[PDB]
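Student: Before we start, here is the structure in question, set down as structure tokens.
Protein chains: 2
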Amino acid sequence: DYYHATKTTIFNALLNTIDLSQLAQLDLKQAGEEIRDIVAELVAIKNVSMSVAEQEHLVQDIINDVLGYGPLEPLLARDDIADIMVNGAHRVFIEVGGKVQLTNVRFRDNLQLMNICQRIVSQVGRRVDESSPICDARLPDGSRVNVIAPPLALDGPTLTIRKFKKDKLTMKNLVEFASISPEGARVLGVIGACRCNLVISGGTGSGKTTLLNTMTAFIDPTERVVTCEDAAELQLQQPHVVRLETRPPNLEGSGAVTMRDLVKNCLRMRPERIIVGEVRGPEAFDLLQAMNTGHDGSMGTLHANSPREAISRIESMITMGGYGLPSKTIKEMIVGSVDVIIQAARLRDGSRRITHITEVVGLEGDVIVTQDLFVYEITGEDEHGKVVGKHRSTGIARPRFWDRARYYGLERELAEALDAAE
Amino acid sequence: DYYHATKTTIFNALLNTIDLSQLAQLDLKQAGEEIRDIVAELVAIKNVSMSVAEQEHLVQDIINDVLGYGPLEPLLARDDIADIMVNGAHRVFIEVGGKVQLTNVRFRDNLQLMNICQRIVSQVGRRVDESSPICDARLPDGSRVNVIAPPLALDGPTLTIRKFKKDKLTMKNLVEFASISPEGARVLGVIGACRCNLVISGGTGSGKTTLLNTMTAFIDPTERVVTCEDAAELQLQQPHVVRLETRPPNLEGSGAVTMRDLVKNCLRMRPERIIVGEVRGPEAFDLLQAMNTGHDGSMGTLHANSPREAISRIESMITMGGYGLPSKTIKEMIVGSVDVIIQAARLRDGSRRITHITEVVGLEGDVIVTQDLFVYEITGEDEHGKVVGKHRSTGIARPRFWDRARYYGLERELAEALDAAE
Numbered sequence: 080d081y082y083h084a085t086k087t088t089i090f091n092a093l094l095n096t097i098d099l100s101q102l103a104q105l106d107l108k109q110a111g112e113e114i115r116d117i118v119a120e121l122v123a124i125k126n127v128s129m130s131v132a133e134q135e136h137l138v139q140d141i142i143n144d145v146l147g148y149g150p151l152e153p154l155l156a157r158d159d160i161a162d163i164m165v166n167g168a169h170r171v172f173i174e175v176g177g178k179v180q181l182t183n184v185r186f187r188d189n190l191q192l193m194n195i196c197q198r199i200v201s202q203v204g205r206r207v208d209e210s211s212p213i214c215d216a217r218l219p220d221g222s223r224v225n226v227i228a229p230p231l232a233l234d235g236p237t238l239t240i241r242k243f244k245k246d247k248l249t250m251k252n253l254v255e256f257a258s259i260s261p262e263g264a265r266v267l268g269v270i271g272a273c274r275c276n277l278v279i280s281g282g283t284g285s286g287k288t289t290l291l292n293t294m295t296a297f298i299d300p301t302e303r304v305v306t307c308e309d310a311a312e313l314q315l316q317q318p319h320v321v322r323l324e325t326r327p328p329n330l331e332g333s334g335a336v337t338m339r340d341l342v343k344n345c346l347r348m349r350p351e352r353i354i355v356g357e358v359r360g361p362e363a364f365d366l367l368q369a370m371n372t373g374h375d376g377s378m379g380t381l382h383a384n385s386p387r388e389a390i391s392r393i394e395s396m397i398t399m400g401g402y403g404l405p406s407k408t409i410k411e412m413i414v415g416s417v418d419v420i421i422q423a424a425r426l427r428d429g430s431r432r433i434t435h436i437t438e439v440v441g442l443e444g445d446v447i448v449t450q451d452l453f454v455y456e457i458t459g460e461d462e463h464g465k466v467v468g469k470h471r472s473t474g475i476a477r478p479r480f481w482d483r484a485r486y487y488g489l490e491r492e493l494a495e496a497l498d499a500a501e
Numbered sequence: 080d081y082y083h084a085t086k087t088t089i090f091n092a093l094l095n096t097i098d099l100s101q102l103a104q105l106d107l108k109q110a111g112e113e114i115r116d117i118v119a120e121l122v123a124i125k126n127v128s129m130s131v132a133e134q135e136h137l138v139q140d141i142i143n144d145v146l147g148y149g150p151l152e153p154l155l156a157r158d159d160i161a162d163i164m165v166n167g168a169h170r171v172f173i174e175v176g177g178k179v180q181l182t183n184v185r186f187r188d189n190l191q192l193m194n195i196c197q198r199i200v201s202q203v204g205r206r207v208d209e210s211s212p213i214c215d216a217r218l219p220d221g222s223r224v225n226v227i228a229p230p231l232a233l234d235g236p237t238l239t240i241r242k243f244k245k246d247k248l249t250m251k252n253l254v255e256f257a258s259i260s261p262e263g264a265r266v267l268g269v270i271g272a273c274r275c276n277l278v279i280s281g282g283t284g285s286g287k288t289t290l291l292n293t294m295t296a297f298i299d300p301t302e303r304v305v306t307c308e309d310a311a312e313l314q315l316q317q318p319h320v321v322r323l324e325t326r327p328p329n330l331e332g333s334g335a336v337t338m339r340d341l342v343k344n345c346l347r348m349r350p351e352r353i354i355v356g357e358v359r360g361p362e363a364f365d366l367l368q369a370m371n372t373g374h375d376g377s378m379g380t381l382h383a384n385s386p387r388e389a390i391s392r393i394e395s396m397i398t399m400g401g402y403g404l405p406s407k408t409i410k411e412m413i414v415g416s417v418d419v420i421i422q423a424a425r426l427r428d429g430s431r432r433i434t435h436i437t438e439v440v441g442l443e444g445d446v447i448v449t450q451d452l453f454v455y456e457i458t459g460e461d462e463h464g465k466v467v468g469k470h471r472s473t474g475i476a477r478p479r480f481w482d483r484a485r486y487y488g489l490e491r492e493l494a495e496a497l498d499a500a501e
């Protein structure tokens, strides 16, 4: 059909007629109306017109290209779409029905794709270009975006969009999915109930956010909780929860409110527990204060592949925080602050499981000595490729946080769970 | 004689006839239709004695020079011409039958050659100039292009086309060169398929990268593959491959993005498989996580003479990563990640062969226990000094990856190849 060729010719004529700079002062609807006027002018110049509905569709396509997210607009609007992948202007894939598929959709040129990516990542004030060719960002519409610039992506800019889904699991789901043994369920319930400084470290795809939500589920209703998170991922059912969200900087590089500022404030809001959506910067240091300067029971999500790795991440983050903290001082602070680390990882089969429940015991020389309470042991692969394994307790009768369990009257529960966990 | 002068005059007239925008916007056929008429009118005005076929040839040459690839185009269209090498406007070489021969065809001047180079690299959206004197690209057709600007090339641009040599390095190439016995070839075909993690270790000059490219050919087309390389060399026929590259820092020591960052981001890019051109530093850690966290079937080359040395090198690379992992944790990670190792070596005679195909069996105490599926036993030498050897199957009929082949149904082929090798 000539619809594609005619649309391309009309787009070229519009480009030769006006420039995007003339529409940067208009809103989405005002820009669309101005583009419709420009399209009428271009049709008059070229004396080419067609069906009114088809002309309106072409005008909408032109608006999307000029101001929207390009040919991605018809795709993002869909719901059966799981993920969108772009490997250059000439190829795009979509995850439908849980499987990848190549679509006929296409871009015009790599520069157009780069501009679209710049728009998408600037929606949250971030910029991807030759200076910072690698970018990861969050679409507050409920998705995650990755972009690589041409200097790294040899075949032009590469883009990936991953959409949301309301997982919102509960501990029953984890128990039934074998992510944690029922004895582990009791142990974790005790740990959460009795205000134990807790860090939920996990690898990519481990769903550590869901684990954090189900952990917070145990918090006593009477405790005033203030949650800091870069998005609204968490959803607590307590009656006295304060929900805060960081504000990404505008394009002018102003108005930013980073995790560090939110945690610093929360220190001054009289919270019974400070809960961080994800530790990703210097805020860790401030968070650690919240774990020891009273406020016992604070939690925090972290990206790491193992408890020792997570401790290393925390130490490195505090170090890069700009403070001249002596190395041993950071280790002492971590040892005195954290009371438990929970490791969540995705095994080769793709299932999420709580590999480690560990408690920081102390500091020896310059190494943080920790003892594992629960560990997941793998034993083989089944017929359908599923990983086979079981949770076993190290048998430690009295973990370091035992005192807190005594204070909250949970000695019996903790002892039972630890003993029967074998 | 007079044909050249008439063509030059017609080219000048066409260049002065209309702005470059009109030619650029017009389609190749659309522009050529008017260009032929313009050339015919110019010839008639000049009243140059020429034939209708000669007129068509002149029109085609004018189109090629003005908007095409100039005198280089006829070489491109040919099939026998595998590689083309222009050492400035006055020297053109072609690789035919594996031999390099100079050809009389030469460009008008270095300026025309630079223009043609820019046009060629524009297809992929890349642009070369005195500010970016070096350019490399892989055109959609699959032919590679390397271009250098005059400020570096002290005798004019150095265009280099390398057309797609399909089936150049497929497994048949290794088998017929005695780099691997046919049974080893079948086993490798099963191993690349079946999505088994690999680490292609090899000594100096063992052709690790060539073997890796051969292995990747077994990937299922639908699998989304991401390749990280220090320098872009790999080329995968698979239709859904994403290519990356590490950017070194400026001389000031800033702006670098090393392999670690690319591998980390690969986890965010939702890849079915991740391929690392060469593992040398901390990235060995991150890569293993990809091998361990559901991105099975990943691959990565390594510099080691024997599988045991390869595993020792992986341990050292992880340890130098700066993370405070204990030795047992690193060994457990390795044994859980790398299913199979291939040790390729350059023998004393200079031949290249796959010395070992081994499978990481387990971890006992503090030692990684491995078994060799295939071993190249040396037996002597010929009067020419060539080394003689045979690929021997160790007789391990059930490698621990056997169950995965059962999942993919390759159990029959695996057992047959293992038993028939002797």
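Top line first, the protein sequences correspond to chains D and C. Each position in the first sequence, counted from 1, maps to that position plus 79 in the authors' numbering. Each position in the second sequence, counted from 1, maps to that position plus 79 in the authors' numbering. All residues carry an ideal CB built from backbone N, CA and C; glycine is no exception.
Residues in its own chain within less than 6 Å of residue 238 of chain D by CB, not counting five upstream and five downstream?
Tutor: Counted from its first residue, the first sequence places residue 238 of chain D at position 159. Once the five neighbours on either side are set aside, the close Cβ partners of residue 238 of chain D are 165, 196 and 226.
Student: With a threshold of 8 Å between beta carbons, is residue 378 of chain C in contact with chain D?
Tutor: Looking up residue 378 of chain C in the second sequence gives position 299. Chain D, which has no Cβ nearer than 8 Å to the Cβ of residue 378 of chain C, makes this no.
Student: With distances taken Cα to Cα, identify the nearest neighbour of residue 28 of chain D among D:454, D:459, D:480 and D:490.
Tutor: In this structure chain D extends from 80 to 501, so residue 28 of chain D is not present and cannot be described.
Student: Taking 8 Å as the threshold (C-beta atoms), are residue 179 of chain D and residue 301 of chain C in contact?
Tutor: Residue mapping note: residue 301 of chain C aligns to position 222 of the second sequence, counting from 1. Residue mapping note: residue 179 of chain D aligns to position 100 of the first sequence, counting from 1. A contact, by the Cβ cut-off of 8 Å.
Student: Closer than 8 Å, CB to CB, is residue 120 of chain C near chain D or not?
Tutor: Counting from one through the second sequence, the residue named residue 120 of chain C turns up at place 41. So no, residue 120 of chain C is outside the interface.
Student: Let me see if you follow: with CB-CB separation under 8 Å, is residue 488 of chain C close to chain D or not?
Tutor: Numbered from 1 along the second sequence, position 409 holds the residue referred to as residue 488 of chain C. Chain D contact via Cβ: absent.
Student: Let me know the secondary structure DSSP gives residue 348 of chain C once reduced to three states.
Tutor: By one-based count along the second sequence, residue 348 of chain C stands at place 269. DSSP places residue 348 of chain C in coil when its eight states are reduced to three.
Student: Between residue 241 of chain C and residue 152 of chain D, what straight-line distance do the alpha-carbon atoms span, to the nearest angstrom?
Tutor: Position 162 of the second sequence, counted from the first residue, corresponds to residue 241 of chain C. Position 73 of the first sequence, counted from the first residue, corresponds to residue 152 of chain D. Distance between the alpha carbons of residue 241 of chain C and residue 152 of chain D is about 38 Å.
Student: Start and end of the alpha helix (DSSP H) containing residue 412 of chain D?
Tutor: To locate residue 412 of chain D, count along the first sequence from 1; it is residue 333. First-last of the alpha helix (DSSP H) with residue 412 of chain D: 406–416.
Student: According to a CB-to-CB cut-off of less than 9 Å, which residues of the region 220–254 of chain D neighbour chain C?
Tutor: Here the close residues are 223, 225, 227, 229, 230, 231, 232, 233, 234, 235, 237, 239 and 241.
Student: Kindly give me the distance between the Cβ atoms of residue 479 of chain D and residue 418 of chain D, rounded to whole angstroms, as I take these residues to be in contact under 8 Å.
Tutor: Counting from 1 along the first sequence, the entry for residue 479 of chain D is found at position 400. Counting from 1 along the first sequence, the entry for residue 418 of chain D is found at position 339. 7 Å between Cβ atoms; contact.
Student: Give the DSSP-derived three-state secondary structure of residue 207 of chain D in the structure shown.
Tutor: On the first sequence, position 128 is the one that residue 207 of chain D refers to. Coil at residue 207 of chain D, not helix or strand.
Student: Would residue 424 of chain D pass as an interface residue toward chain C - the criterion being a Cβ-Cβ separation below 8 Å?
Tutor: Here residue 424 of chain D corresponds to residue number 345 of the first sequence, with the count starting at 1. Yes, residue 424 of chain D counts as interfacial toward chain C.
Student: Of the choices D:318, D:324, D:299 and D:304, whose alpha-carbon is the least far from that of residue 311 of chain D?
Tutor: On the first sequence, residue 311 of chain D is found 232 positions in, with the first residue counted as 1. For residue 311 of chain D, the nearest C-alpha among the options comes from D:324.
Student: Are any of the Cβ atoms in chain D nearer than 8 Å to that of residue 476 of chain C?
Tutor: As a position in the second sequence, residue 476 of chain C is number 397, starting the count at 1. No, because no Cβ of chain D sits closer than 8 Å to the Cβ of residue 476 of chain C.
Student: So is residue 255 of chain D buried or exposed if we call it buried at 16+ other beta carbons inside 10 Å?
Tutor: Counting from one through the first sequence, the residue named residue 255 of chain D turns up at place 176. Looking at its Cβ environment, which holds fewer than 16 other Cβ atoms inside 10 Å, residue 255 of chain D is exposed.
Student: Report the residues of the region 449–473 of chain D with a CB closer than 7 Å to any CB of chain C, ordered along the chain.
Tutor: Those residues of the region 449–473 of chain D that come within reach of chain C (Cβ to Cβ, closer than 7 Å) are 460 and 464.
Student: DSSP state of residue 280 of chain C, grouped into three classes?
Tutor: Within the second sequence, residue 280 of chain C is the residue found at index 201, counting from 1. In the structure shown, residue 280 of chain C sits in a strand (DSSP, three-state: E or B).
Student: For chain C, is any of its Cβ atoms less than 8 Å away from the one on residue 164 of chain D?
Tutor: Taking the first sequence and counting its residues from 1, the one referred to as residue 164 of chain D is at position 85. It does: the Cβ of residue 164 of chain D has a partner Cβ on chain C nearer than 8 Å.
Student: Comparing the C-beta of residue 391 of chain D with each C-beta of chain C, is any distance below 8 Å?
Tutor: Stepping through the first sequence from its first residue, residue 391 of chain D is reached at position 312. By this cut-off, residue 391 of chain D is an interface position.
Student: Where does residue 472 of chain C sit, in a helix, a strand or coil, going by DSSP?
Tutor: Stepping through the second sequence from its first residue, residue 472 of chain C is reached at position 393. Of the three classes helix, strand and coil, the one that applies to residue 472 of chain C here is strand, per DSSP.
Student: Closer than 9 Å by beta-carbon distance: list the chain D residues that pair up with residue 482 of chain C, in chain order.
Tutor: Position 403 of the second sequence holds residue 482 of chain C. What residue 482 of chain C touches in chain D: 459, 460, 461, 462 and 464.
Student: Are the C-beta of residue 98 of chain C and some C-beta of chain D separated by less than 8 Å?
Tutor: Translated into the one-based positions of the second sequence, residue 98 of chain C becomes position 19. For residue 98 of chain C, the answer is no, since every Cβ of chain D falls outside 8 Å of its Cβ.
Student: Say whether chain C places a C-beta atom closer than 8 Å to the C-beta of residue 179 of chain D.
Tutor: Residue 179 of chain D sits at position 100 when you count from the first residue of the first sequence. Yes, residue 179 of chain D counts as interfacial toward chain C.
Student: May I ask you to verify whether the region 396–415 of chain D touches the region 292–306 of chain D, counting CB pairs closer than 8 Å and requiring at least 3?
Tutor: Verdict: no, contact absent.
Student: Quick check on the DSSP output: what are the complete alpha helix (DSSP H) runs of length 4 or more inside the region 229–315 of chain C, in order along the chain?
Tutor: Runs of the alpha helix (DSSP H) inside the region 229–315 of chain C: 250–255, 261–271 and 287–295.
Student: Show which residues of chain C have a CB atom less than 9 Å away from the CB atom of residue 186 of chain D.
Tutor: By 1-based counting over the first sequence, the position of residue 186 of chain D is 107. Result: empty, since nearest Cβ-Cβ is about 11 Å, beyond 9 Å.
Student: Can you tell me which of D:314, D:286 and D:262 puts its alpha carbon nearest to the alpha carbon of residue 384 of chain D?
Tutor: Here residue 384 of chain D refers to the residue found at position 305 when the first sequence is read from its first residue. With distances taken between Cα atoms, residue 384 of chain D lies closest to D:286.
Student: Could you tell me whether the Cβ of residue 348 of chain C comes closer than 8 Å to any Cβ of chain D?
Tutor: As a position in the second sequence, residue 348 of chain C is number 269, starting the count at 1. True, the Cβ-Cβ gap to chain D drops below 8 Å.
Student: Considering only the alpha carbon of each residue, which of D:199, D:326, D:305 and D:102 lies closest to residue 318 of chain D?
Tutor: Translated into positions along the first sequence, residue 318 of chain D becomes position 239. The option with the nearest alpha carbon to residue 318 of chain D is D:305.
Student: Are any of the Cβ atoms in chain C nearer than 8 Å to that of residue 290 of chain D?
Tutor: The residue labelled residue 290 of chain D in the question sits at position 211 within the first sequence. So no, residue 290 of chain D is outside the interface.
Student: Looking only at C-alpha atoms, which of D:220, D:282 and D:109 sits nearest to residue 344 of chain C?
Tutor: Along the second sequence, one-based indexing puts residue 344 of chain C at 265. It is D:282.
Student: Note down, one range per segment and in chain order, each beta strand (DSSP E) of at least 3 residues found wholly within the region 152–179 of chain D.
Tutor: If we require 3 residues or more, the beta strand (DSSP E) runs fully inside the region 152–179 of chain D come out as 162–165 and 171–175.
Student: Whose CA, out of D:244, D:346 and D:342, lies closest to the CA of residue 358 of chain D?
Tutor: Here residue 358 of chain D refers to the residue found at position 279 when the first sequence is read from its first residue. It is D:342.
Student: Apply the 10 Å Cβ neighbour rule to residue 169 of chain C and answer buried if 16 or more other Cβ atoms are within range, or exposed otherwise.
Tutor: Position 90 of the second sequence, counting from 1, holds the residue named residue 169 of chain C. Label assigned to residue 169 of chain C: exposed.
Student: Tell me whether residue 410 of chain C is buried or exposed, calling it buried when 16 or more other Cβ atoms sit within 10 Å of its Cβ.
Tutor: For the purposes of this step, residue 410 of chain C is identified with residue 331 of the second sequence, where counting begins at 1. Under this definition residue 410 of chain C is a buried residue.
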